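Colleague: experimental coordinates for this protein are included below, preceded by the sequence.
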Amino acid sequence: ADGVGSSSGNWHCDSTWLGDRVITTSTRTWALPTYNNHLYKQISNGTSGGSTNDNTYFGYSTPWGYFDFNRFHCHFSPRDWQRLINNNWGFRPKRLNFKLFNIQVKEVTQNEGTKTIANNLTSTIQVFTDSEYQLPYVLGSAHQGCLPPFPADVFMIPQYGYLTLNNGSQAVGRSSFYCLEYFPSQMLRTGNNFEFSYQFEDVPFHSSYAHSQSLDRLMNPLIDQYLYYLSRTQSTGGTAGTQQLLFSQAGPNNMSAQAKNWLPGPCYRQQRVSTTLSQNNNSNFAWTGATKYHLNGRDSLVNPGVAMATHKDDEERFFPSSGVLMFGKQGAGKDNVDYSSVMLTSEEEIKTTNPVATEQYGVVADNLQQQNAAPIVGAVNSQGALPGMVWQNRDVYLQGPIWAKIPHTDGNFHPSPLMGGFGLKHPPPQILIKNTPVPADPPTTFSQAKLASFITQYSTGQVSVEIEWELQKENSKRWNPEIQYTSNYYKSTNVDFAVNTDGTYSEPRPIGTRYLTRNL
Amino acid sequence: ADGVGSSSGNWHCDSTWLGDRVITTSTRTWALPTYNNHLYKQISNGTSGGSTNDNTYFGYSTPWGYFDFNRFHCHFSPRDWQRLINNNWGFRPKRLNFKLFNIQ
Amino acid sequence: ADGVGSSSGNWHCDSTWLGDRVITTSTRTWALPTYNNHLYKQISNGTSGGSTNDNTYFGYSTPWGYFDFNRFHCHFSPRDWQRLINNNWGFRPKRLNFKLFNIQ
Amino acid sequence: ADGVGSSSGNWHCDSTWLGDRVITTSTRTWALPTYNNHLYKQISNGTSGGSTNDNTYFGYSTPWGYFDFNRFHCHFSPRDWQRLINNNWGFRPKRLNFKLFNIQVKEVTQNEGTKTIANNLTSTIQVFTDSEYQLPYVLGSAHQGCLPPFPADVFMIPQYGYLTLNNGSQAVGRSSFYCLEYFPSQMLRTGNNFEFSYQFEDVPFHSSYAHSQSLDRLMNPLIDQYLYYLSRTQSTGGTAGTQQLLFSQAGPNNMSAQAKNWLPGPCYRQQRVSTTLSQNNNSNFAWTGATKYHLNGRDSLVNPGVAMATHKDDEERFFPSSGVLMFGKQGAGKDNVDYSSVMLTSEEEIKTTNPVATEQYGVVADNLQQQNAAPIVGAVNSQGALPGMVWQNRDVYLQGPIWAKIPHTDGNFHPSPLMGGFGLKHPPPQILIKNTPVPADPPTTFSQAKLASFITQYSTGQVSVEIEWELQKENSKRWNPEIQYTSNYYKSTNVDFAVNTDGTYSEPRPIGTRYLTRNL
């Protein structure tokens, strides 16, 4: 059986492409510190400080840590991603499998200036998975702390905390406080290992492709319609303008006037920003000119927002202020970092079905005309969903979030995450882990107070997560060649998606999933 | 079997409300020092000192320690206490179960 | 069998809280008059009177009456409502049963 | 089957004396009116009026009525009572059986000055028995409204109401309100009948007998004791009084000094009142000089009190103020009625084991003696229960209550009712009855308000209750004759326990149950 001298598992990273299933397994090495000196702590931010009313919060920061595998590049190598996005229309997860193994718990002490570290063989850790969804589910907010993209990186496990209802910095009566030690957990020593399995609930395949037809152009270019439209309301060419109702059949000449069975997806406008600096207005409109939503007296910037085409044809320089997912390049600052450091994603492929983010949805009439009163047409900046309306969801990326938890609520509309992903009602249960506190020597005379002196301690180990995927094979009679994701053919100082001289891994650009085409 | 590298048990805190039975489990981490340098000692207080006649005693202080779970809040969370006292007229214990494990 | 001198049913008001099911029964005493002297009648309101255009209607008023149990407090006592809303997240009806009896 | 023209049951009054079982059945005719016009009503009394702080209450008066059979003479004829109390030591109920039948519901209306009454054959009544004990249990307070003693009397069913926690006339948050229509009840028309059965929980036989030995006299009159007592602390007869401890054996000469294994029952003193007017003090001490108990700021007279001998030997004129059960003679007023109208019961038979009500329990020392300080002895007026203490319960009467409900509580001491009776934890379930309201003609145009106009209506019928009893036969070797209950041999204007010229039944005297003797 297991013991201090026999390893708890084996390293696995691999991808098994079998028919329609691709099974991706991965493994990393982690280190879990001691957070908050084994304490839960109230954390809050009020408007009495320098903070504003939108930035207030109230919540708790627990000593527990948690594993987050929720980004795609955790599970896919750039070459396995290329096989996926080039050769397949859609993919969805089926089941996953998860393991902790090879647990090394280490005590570390300080004598003057020297440091020394040593195994503690009797120490434990605590691991439970929240499979009844009874805790604040904090995954899916696109926080840092995921497994690294690159299998040779060692990563620090992030601290678990949660937010609760507040009023200002103060808490209200509905505010919940959760004690994570109040669950059953599994205590593991260095010989022990951990495992669980999970099976995804049925979800629509992520549709990875671009339509080969725009929504308005579904017509036959050759044949006229038998339907009529109102072409001309005035007498044409005569010495008088006497109004006369003239009708016409729309056809290849006027295709903007044809009747159509469907409408574009819903529009919620964004502000337009140009990459060229000279064009943008001179002021700071980033927050002020932003598109926000007002909930309970707190203005919240709308990010990334509803899926909407980034820009129209032959304008690549304009992008919606809050609209696009923005990834930073390797080694980029957290605050006020210049444009060249971030990587702006763009949705070109949904221009067909979805309206441009920075432009109006359309035009409606504002008034009832009269012989005296001219007709007036207003702009529709924000448009909810109407019957006969189709749209595309936002695209997933190699760097972006895999799924999200659909909040438990009375109703939702198209419960698909706005960052892109797979909306799940019962998402993969978040896994929590902590170093079991080991006390320093108590006094020899009894004391009621809790023990405030602990041994400085941390643990390390190996974690493996294996997700089975369901692929939708591309079956198409298109004659000409597709567009594929290909690496740059020309020479470069170093390979892309590979280490540099110093060993720093880097991902040069965001890679979306839609290179294939279908008919709209 | 058990050894230096395999843990002796798992953490359990939970409350199972089932019909008329509620089963409350709990777990804590403790530290047991060395009392009296491994000695029994006579202890006493007389009235010959500043003490009065009511406060006199005679007894022994052993090196042994002891577990006391005898308060309610050891076994109940304020929310599990609210389910109890709001929804039920009476309650009595039936049986208990006790474990030490993971000894360092 | 039934007749003029034997009652058609028994009074029932009660609430049976059993596991996940709560079964609420209720009983009332009613009186049904003669409406419209046994007549259907056209009723309407036009804008030619003092009424406005939004308040116009056209319809019929029948001699028939109808039972409406469609409010919650018909079926729940304030104490049975407190057991519901305090101790449970969600509730939905499953089936109902309805009786007229003791007709005078 | 049953109908309007066939009767629902037969009349039964009888007593079956069989071995150790006596089975007493009874039947009466009742009339149940319409109380409160079919309304529950808050009732209260505050101290803001003429009322005092002790007399405040808060509660509700329901339209429902209730059957009370809880007095003995409901179930026993004076001759059946004589067979019981003369020939048997103890008796307890076993089971009962209860029936309503022959239900006549009648409407009554007023035209000018004339009155007219008529059957309503379709009308119902509602009857439930509260067998889960979920209502205020109001039986056992010795209220009026029981079945009449005499089978030929027709009695009016009393109104049901209950009291709840108050503060002043106002109600507190724990105050309960009960709606009796919220139970399942059985609705009966004129053809229907009602029945239920009930089985008494095991109870100690009521001990009906007087002890033939006093508690202190259990000794042998012939033989001395081997034990010694302190007879004399001083030198006797000498020229000096030098204290010397002398001991002696108690015997036939001094039996007050003997050692004894037991003590008398507990004592809570009462004030002594003489029937002779010249002896009593001149003032009104009835309430002021009373023995009361103070509960939640309300002084409550202690009535009848703990069982204690009414008076000692050769004093029949003194009685404890609140101590004795007091029955009124036939046709006596409710308020300030003269002495000759009430019938005072007396406990002679418990003088043996129990202390006299109007006298102290005993004497204890108040101080530690010294050669300087004389010994001081105080009186014990109220004495709780000590180990090695025996007593008798108060006696039941032909007119008095049969049982009581032992309140549901964490603890009780000797849960036997202080009025006398059988304390039951699950007493016979109180039976509630009401006339189902029948509306007067509603208006022809709908109205939200509840229907305030009803048909004036009442019902009548026949009720039967049959109780099986368990007797403890008297088995005794006493040579000489007992004392028996015998009617007056001498002539009189009319028979006792029988009608007078005008048809008025009367019971001339209270009849206790203890004429037999046992050895203490």
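Modeller: On my side now, so go ahead. Numbers count the residues shown, from 1 in each chain, chains lettered A, B, ... in the order given.
Colleague: wondering if stretch A:107-126 reaches chain B at all.
Modeller: Yes - for stretch A:107-126, a contact with chain B is found by CB under 8 Å from any CB of the partner chain, at A:121-124, A:126. Yep, even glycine has a C-beta here, placed from its N, CA and C like the rest.
Colleague: from these, pick the one nearest chain D.
Modeller: Nearest to chain D among the residues of stretch A:107-126 next to chain B: residue A:126, at 42.4 Å, using CB to the nearest CB.
Colleague: three-state assignment of that closest one?
Modeller: strand (DSSP: H, G, I helix; E, B strand; the rest coil).
Colleague: near chain D, which residues of chain A are found?
Modeller: Counting by CB under 8 Å from any CB, no residue of chain A lies close to chain D.
Colleague: longest helix anywhere in chain A?
Modeller: helix A:78-87 (DSSP state H).
Colleague: which strands and helices lie in contact with the helix or strand that that one is followed by?
Modeller: Downstream of helix A:78-87, the first helix or strand assigned by DSSP states H and E is strand A:88-111. Under the contact criterion of 3 or more CB pairs under 8 Å, 6 or more residues apart in numbering or on different chains; DSSP states H and E, strand A:88-111 touches strand A:114-119, strand A:125-129, strand A:194-199, strand A:206-207, strand A:431-435, strand A:457-473.
Colleague: quick one: strand A:88-111 to chain centroid distance?
Modeller: Put simply, strand A:88-111 sits 21 Å off its chain's centre (CA atoms, centre = their mean, to the nearest Å).
Colleague: how many neighbours does the residue of chain A found nearest chain D have?
Modeller: Going by CB to the nearest CB, chain D is nearest to residue A:173 of chain A, at 20.0 Å. A count of nearby residues for residue A:173, using other CB atoms under 10 Å in any protein chain shown, gives 5.
Colleague: before we move on, what about residue A:264?
Modeller: Burial measure for residue A:264: 23 neighbouring residues, criterion other CB under 10 Å.
Colleague: over to the one 3 residues further on?
Modeller: Residue A:267: 22 surrounding residues under other CB under 10 Å.
Colleague: now do the one 5 residues further on
Modeller: Burial measure for residue A:272: 19 neighbouring residues, criterion other CB under 10 Å.
Colleague: excluding sequence neighbours, find me the nearest residue to it.
Modeller: residue A:358 (3.7 Å; CB to CB, 6 or more residues apart in numbering or on different chains).
Colleague: enumerate every residue touching the most far-flung residue of chain A relative to its centre.
Modeller: Most distant residue from the mean C-alpha position of chain A: residue A:239, 63.0 Å away (CA atoms, centre = their mean). Contacts for residue A:239 were tallied using CB atoms under 8 Å, 6 or more residues apart in numbering or on different chains; there are none.
Colleague: tally up the residues packed near residue A:396, please.
Modeller: If you count neighbours by other CB under 10 Å, residue A:396 ends up with 25.
Colleague: that one against residue A:70, yeah?
Modeller: No - contact between residue A:396 and residue A:70 fails when scored by CB atoms under 8 Å: they sit 11.7 Å apart.
Colleague: ok, residue A:123 - contacts?
Modeller: Applying CB under 8 Å, 6+ apart, we find residue A:123 in contact with A:105, A:107, A:189-190, A:435-436, A:438, A:457, A:459, B:104.
Colleague: just the buried residues of those residues.
Modeller: Listed as buried from those are A:105, A:189-190, A:435-436, A:438, A:457, A:459; burial here means 16 or more other CB atoms under 10 Å in any protein chain shown.
Colleague: measure how far stretch A:147-160 is from the centre of its chain, please.
Modeller: Chain-centre distance of stretch A:147-160: 18 Å, with CA atoms, centre = their mean.
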